[PDB]
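Participant: Got a structure for you, questions after.
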Amino acid sequence: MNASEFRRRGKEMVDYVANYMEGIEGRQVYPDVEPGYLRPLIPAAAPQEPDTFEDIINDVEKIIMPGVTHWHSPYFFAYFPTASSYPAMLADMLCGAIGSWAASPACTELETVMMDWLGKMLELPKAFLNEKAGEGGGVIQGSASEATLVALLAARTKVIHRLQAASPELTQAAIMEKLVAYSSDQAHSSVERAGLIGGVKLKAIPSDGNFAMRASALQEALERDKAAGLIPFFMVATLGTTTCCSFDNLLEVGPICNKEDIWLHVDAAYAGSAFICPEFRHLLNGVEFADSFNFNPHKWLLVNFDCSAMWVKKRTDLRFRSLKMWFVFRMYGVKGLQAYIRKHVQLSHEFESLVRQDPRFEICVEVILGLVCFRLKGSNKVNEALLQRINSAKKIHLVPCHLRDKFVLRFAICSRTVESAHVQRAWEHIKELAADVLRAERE
Amino acid sequence: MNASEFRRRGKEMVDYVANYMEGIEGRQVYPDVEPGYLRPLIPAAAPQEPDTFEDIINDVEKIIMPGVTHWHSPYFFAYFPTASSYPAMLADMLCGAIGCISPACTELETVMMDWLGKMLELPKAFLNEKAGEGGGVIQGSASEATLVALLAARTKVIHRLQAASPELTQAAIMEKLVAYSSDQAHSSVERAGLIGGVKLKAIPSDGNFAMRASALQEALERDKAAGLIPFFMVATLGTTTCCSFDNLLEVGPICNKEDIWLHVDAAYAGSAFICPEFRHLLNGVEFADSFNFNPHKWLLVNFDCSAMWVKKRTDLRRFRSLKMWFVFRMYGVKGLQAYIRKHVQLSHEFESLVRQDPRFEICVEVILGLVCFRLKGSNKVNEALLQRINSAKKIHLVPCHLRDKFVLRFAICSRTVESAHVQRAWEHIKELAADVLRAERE
Ligand SMILES: [Cl-]
């Protein structure tokens, strides 16, 4: 088509997309239609002459919508990794219409500047800033896997220069075999991957009761490993674990890493966004010790998933995505972004409130952010049983996890549209099905 | 923001995009801005309260628009890695709203691959409509698709020699594996070889830059006689350098009787086989094991579009199939064929201006959409020309080396290149040519 054809249909699509996102409350979260349903609803060959815009859209409703998940719904109570906000859409449209540094000066320079905005919001210490401070600085990365690996490698080269200056006899090959990296037991798998690819030994540190790495567990490991003749050169401290909202004590672990020449990489994951809010910055005291810091701004700052921000204490050791950041940050503002996260933590506690009040359910981990780790008091069996009925119903979606030897339900409030109305309706549904589940147990 | 806000600014953005696209002739193809122009124009911190959409777009015009390469420009006469049409834009808006990475994903894929298969008049072997084993999938890029092929081949050959000799270890077999491609073949092949950890050898092309039966078999014998093991082989229709075509009918029977996986890469020109005039160049696919090309290049799908069929599926992220569906229904087979033919035509228009002129020469046969031309004389003269051109900033070309000869390429692959753009450009070449000829005299 030509341009002013596109003015019309584009403006129509805006409308279709608007309505979907308004009435999405009514859609069923999981597709209630079976593999193979689609072939016989559509012509076996392409049309010769163009179909109308009018007829295509209707097919979108009638043929496409039934066969789609609709993750964007308030009742999808898990993290939706490819979610996008409205500003992110607006940007996407433009980012598409445009399509190295020398290729795109703006794309590159915007990245550096947005990194600084992000920086300040989180109030990282000043060394981290790209603001021509000439020390530290940050970068966007494809994944939080990339990021962990980058710091790992940087960590490894560093230790080999320092150990080989020490004794010019030792080979790089001899050193590498002794290298050990650490992470909590609730470490993201992206740590294992990193260490695997970087060719070193990865060991878990036992988490404390609240699933935080607590130094005594770290120090022992250190002692056990320095004494078997291994070498510790790197470690991931996770803030906001993906299992639950667990936070590694940075204030105890940091000081140790400094003293033992262990590179400190802080994986804040998703939770990191929450440090734009003062109530949470205390979970981030200790960053002073870290050598790198990485988080995904997608879940709470509404930015494109494509983007994983990472900073470093020294720059020497180390798609048009900055445009969306720019839009989203500009269109919500820090306060809006703040109000956004805050609105979710409050629904998250609201839900916790509901679970405490019922004596058949327990809470497993202190509820700090959006997610609530709960379960039905009794066997893992009972609970496996219960998750099954919820998904079988196709009214809400929940994912589980295991803490220790315990099966857990994760209720996570991340969607842009969620209200306490939905949380209420979600609880009660869970409530009812738990009654039916409970009957069955006794048989 | 909220829904109804999207409504207002969603529409304004529609407009903004229209204008840009309408007034794209006015832009300069490559941004001309100094290192570090942006920062001073952006504030030091994020705003505390929301800015205005008015102020945001204004800043796109002022701050962003000078610092971007305008790839859509009809004057950007190189291959643009993103072909963006208007229906493609519309599916993006919907894929936006129904996040994807669901029975409708997998199924609309299978069906559009059958659609595209039927348009390319592929053997039924490669279609799943018949209920045959053959079927198609959509990949990220050709470089991925080529890798997915190679691996599938390495697996196959491994499971096959180990079936005949259980004492043989994967390790020992890999050491001897050999894959091949034309000496015009896209790097995406060398890269795949490094990841796949097999040896890669190049087959010498002919007068027309085509891989032929003689050279290929020469190579295999050489390498079999070394005790190496051929397993994979890449045939290229529409090469990167000059748009040449490996001889598929010659080469396909060889691979079969040599028990070699035949992957047929047509990344660029694959789209034109939906025209009956060009389908012959795809003859021999019958012999292939996997065929691949990029429609996002020339059929007006958005960039993350790749397509690859295999005869055997058991040999083998985004909602890409909704963008194809949209494009196809909005253009219809006719309209697409038309789009392809228009390019070819202005390609041939440019060819005959250059022949019309006695100071130039054509280097390779002008099959479809790319023209490889040259100022008569020394490479040196020709490097000057591209240096004017590229300096001028009026139009932009990417050259290449065909064997020894320096060659200027001229791609017509833009949604809105018209007959006029081709003449305004050729005038601008001749001007600069006469100059470079004047400096040759001194
Ligand atoms: Cl989180």
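Chains as they are written, first to last, in the deposited numbering: chain B, 1 to 99, 104 to 322, 356 to 480; chain A, 1 to 101, 108 to 322, 355 to 480.
Virtual Cβ for every residue (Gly too), placed ideally from N, Cα, C.
1. May I ask you to verify whether the stretch 25-35 of chain B touches the stretch 429-439 of chain B, counting CB pairs closer than 8 Å and requiring at least 3?
2. So, are the CB atoms of residue 334 of chain A and A:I280 less than 7 Å apart?
3. Counting only C-beta atoms, is A:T69 closer than 7 Å to chain B at any point?
4. Out of B:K130, B:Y75, B:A44, point me to the one whose CA is closest to A:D120's CA.
5. For the beta strand (DSSP E) that contains B:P437, what are its first and last residues?
6. Examine chain B for any beta-carbon lying closer than 7 Å to the beta-carbon of A:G146, and answer yes or no.
7. Is it buried or exposed for B:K361, if we count other Cβ within 10 angstroms and need 16 for buried?
8. Given 6 Å as the limit, tell me if B:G244 has its C-beta closer than that to any heavy atom belonging to ligand 1.
9. Identify the continuous beta strand (DSSP E) that holds A:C410 and give its terminal residues.
10. Report buried or exposed for A:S84, applying the criterion of at least 16 other Cβ atoms within 10 angstroms of its Cβ.
11. Taking Cβ-Cβ distances shorter than 7 Å, what residues in chain A pair up with B:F80?
12. Looking at B:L206 and ligand 1, is the gap between the Cβ and the nearest heavy atom below 6 Å?
13. Check whether the Cβ of B:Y274 sits closer than 6 Å to any heavy atom of ligand 1, and report yes or no.
14. Residues in the stretch 11-45 of chain A with C-beta within 8 Å of chain B's C-beta atoms, listed in sequence order?
15. Helix, strand or coil: how does DSSP classify B:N420 here?
16. Among the candidates A:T245, A:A275, A:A241, whose CA atom is the shortest distance from the CA of residue 481 of chain A?
17. Scan the stretch 378-411 of chain B and note each continuous beta strand (DSSP E) run of 3 residues or more that stays entirely inside, going in chain order.
18. Buried or exposed: which applies to A:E173, given that a residue is buried once 16 or more other Cβ atoms fall within 10 Å of its Cβ?
19. For B:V204, which of helix, strand or coil comes out of DSSP?
20. Tell me the DSSP bridge mates of A:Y186?
21. Look up A:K443 in the DSSP assignment and give the residues it is bridged to.
22. Identify whether B:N58 lies in helix, strand or coil by the three-state DSSP scheme.
23. Residues in its own chain within less than 8 Å of A:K318 by CB, not counting five upstream and five downstream?
24. Could you tell me how far apart the beta carbons of B:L90 and A:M13 are, in whole angstroms, since I believe they sit closer than 8 Å?
25. Distance, Cα to Cα, A:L305 vs A:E456?
26. Short check: CB of A:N262 to CB of A:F299, under 7 Å?
27. Do the stretch 46-57 of chain B and the stretch 44-59 of chain A touch if we need at least three Cβ pairs shorter than 8 Å?
28. Using DSSP's beta-bridge definition, name the partner residues of A:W315.
29. CB-CB under 7 Å to B:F76, same chain, minus the five flanking residues each way: which ones, in chain order?
30. Helix, strand or coil: how does DSSP classify B:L288 here?
31. Is A:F77 close to chain B? Criterion is C-beta to C-beta, closer than 7 Å.
32. Shortest alpha-carbon distance to B:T247 belongs to which of B:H72, B:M21, B:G407, B:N19?
33. Taking only the alpha-carbon atoms, compute the straight-line gap between A:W71 and A:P81 and give it to the nearest angstrom.
34. Flag B:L406 as yes when its Cβ comes closer than 6 Å to any non-hydrogen atom of ligand 1, and as no otherwise.
35. Check whether the Cβ atoms of B:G244 and B:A275 sit closer than 7 Å, and answer yes or no.
Facilitator: This is what the structure holds:
1. yes
2. Residue 334 of chain A falls within a stretch that is absent from the model, since chain A runs 322 to 355 with no residues between.
3. Stepping through the second sequence from its first residue, residue 69 of chain A is reached at position 69. Judged by the 7 Å Cβ criterion, A:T69 is in contact with chain B.
4. Against the second sequence, residue 120 of chain A aligns to sequence position 114. If we check each option's Cα against that of A:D120, B:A44 comes out closest.
5. Counting from 1 along the first sequence, the entry for residue 437 of chain B is found at position 400. Where B:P437 is concerned, the enclosing beta strand (DSSP E) stretches over 434-440.
6. By 1-based counting over the second sequence, the position of residue 146 of chain A is 140. By this cut-off, A:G146 is not an interface position.
7. Counted from its first residue, the first sequence places residue 361 of chain B at position 324. With 16 or more Cβ atoms within 10 Å of its Cβ, B:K361 is classed as buried.
8. Here residue 244 of chain B refers to the residue found at position 240 of the first sequence. Checking every heavy atom of ligand 1 against the Cβ of B:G244, one is found closer than 6 Å.
9. Counting from 1 along the second sequence, the entry for residue 410 of chain A is found at position 372. Start and end: 408-413.
10. Within the second sequence, the letter at position 84 stands for residue 84 of chain A. Looking at its Cβ environment, which holds 16 or more other Cβ atoms inside 10 Å, A:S84 is buried.
11. The residue labelled residue 80 of chain B in the question sits at position 80 within the first sequence. Near B:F80 (Cβ distances below 7 Å), the residues of chain A are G99.
12. Residue numbering aside, residue 206 of chain B sits at position 202 when the first sequence is read from its first letter. It does not: the Cβ of B:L206 is nowhere closer than 6 Å to a heavy atom of ligand 1.
13. Translated into positions along the first sequence, residue 274 of chain B becomes position 270. Flag set: Cβ of B:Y274 near ligand 1.
14. Cβ proximity to chain B below 8 Å picks out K11, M13, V14, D15, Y16, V17, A18, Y20, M21, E22, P31, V33, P35, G36, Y37, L38, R39, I42, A44, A45 from the stretch 11-45 of chain A.
15. What you label residue 420 of chain B is simply residue 383 of the first sequence in a count that begins at 1. Note: B:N420 maps to helix in three-state DSSP.
16. With chain A covering only 1 through 480, there is no way to say anything about residue 481 of chain A.
17. Within the stretch 378-411 of chain B, the complete beta strand (DSSP E) segments at least 3 residues long are 398-400, listed from N- to C-terminus.
18. Reading the second sequence from its first residue, position 167 is the one you call residue 173 of chain A. Result: exposed.
19. Along the first sequence, one-based indexing puts residue 204 of chain B at 200. DSSP places B:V204 in coil when its eight states are reduced to three.
20. As a first step, residue 186 of chain A is located in the second sequence; it is residue number 180 there, counting from the start. Per DSSP, the beta-bridge partners of A:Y186 are A:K207, A:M239.
21. Taking the second sequence and counting its residues from 1, the one referred to as residue 443 of chain A is at position 405. A:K443 is bridged to A:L440.
22. Numbered from 1 along the first sequence, position 58 holds the residue referred to as residue 58 of chain B. Looking at B:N58 - three-state DSSP - the assignment turns out to be helix.
23. Numbered from 1 along the second sequence, position 312 holds the residue referred to as residue 318 of chain A. Once the five neighbours on either side are set aside, the close Cβ partners of A:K318 are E139, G140, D295.
24. For the purposes of this step, residue 90 of chain B is identified with residue 90 of the first sequence, where counting begins at 1. For the purposes of this step, residue 13 of chain A is identified with residue 13 of the second sequence, where counting begins at 1. 5 Å between Cβ atoms; contact.
25. Position 299 of the second sequence holds residue 305 of chain A. Position 418 of the second sequence holds residue 456 of chain A. If you take the alpha carbons of A:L305 and A:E456, they lie about 17 Å apart.
26. Here residue 262 of chain A corresponds to residue number 256 of the second sequence, with the count starting at 1. Here residue 299 of chain A corresponds to residue number 293 of the second sequence, with the count starting at 1. No, Cβ-Cβ distance for A:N262 and A:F299 is not below 7 Å.
27. No contact exists between the stretch 46-57 of chain B and the stretch 44-59 of chain A.
28. Taking the first residue of the second sequence as position 1, residue 315 of chain A is located at position 309. DSSP output for A:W315 lists A:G142, A:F297 as bridge partner(s).
29. Looking up residue 76 of chain B in the first sequence gives position 76. Correct list, in chain order: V29, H434, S452.
30. Taking the first sequence and counting its residues from 1, one reaches residue 288 of chain B at position 284. Of the three classes helix, strand and coil, the one that applies to B:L288 here is coil, per DSSP.
31. Counting from one through the second sequence, the residue named residue 77 of chain A turns up at place 77. No, because no Cβ of chain B sits closer than 7 Å to the Cβ of A:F77.
32. Translated into positions along the first sequence, residue 247 of chain B becomes position 243. Taking only the C-alpha atoms, the option nearest B:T247 is B:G407.
33. As a working mapping, residue 71 of chain A is identified with position 71 in the second sequence. As a working mapping, residue 81 of chain A is identified with position 81 in the second sequence. About 9 Å.
34. Within the first sequence, residue 406 of chain B is the residue found at index 369, counting from 1. Yes, the beta carbon of B:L406 sits closer than 6 Å to at least one heavy atom of ligand 1.
35. Numbered from 1 along the first sequence, position 240 holds the residue referred to as residue 244 of chain B. Numbered from 1 along the first sequence, position 271 holds the residue referred to as residue 275 of chain B. With contacts defined by Cβ atoms closer than 7 Å, B:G244 and B:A275 form a contacting pair.
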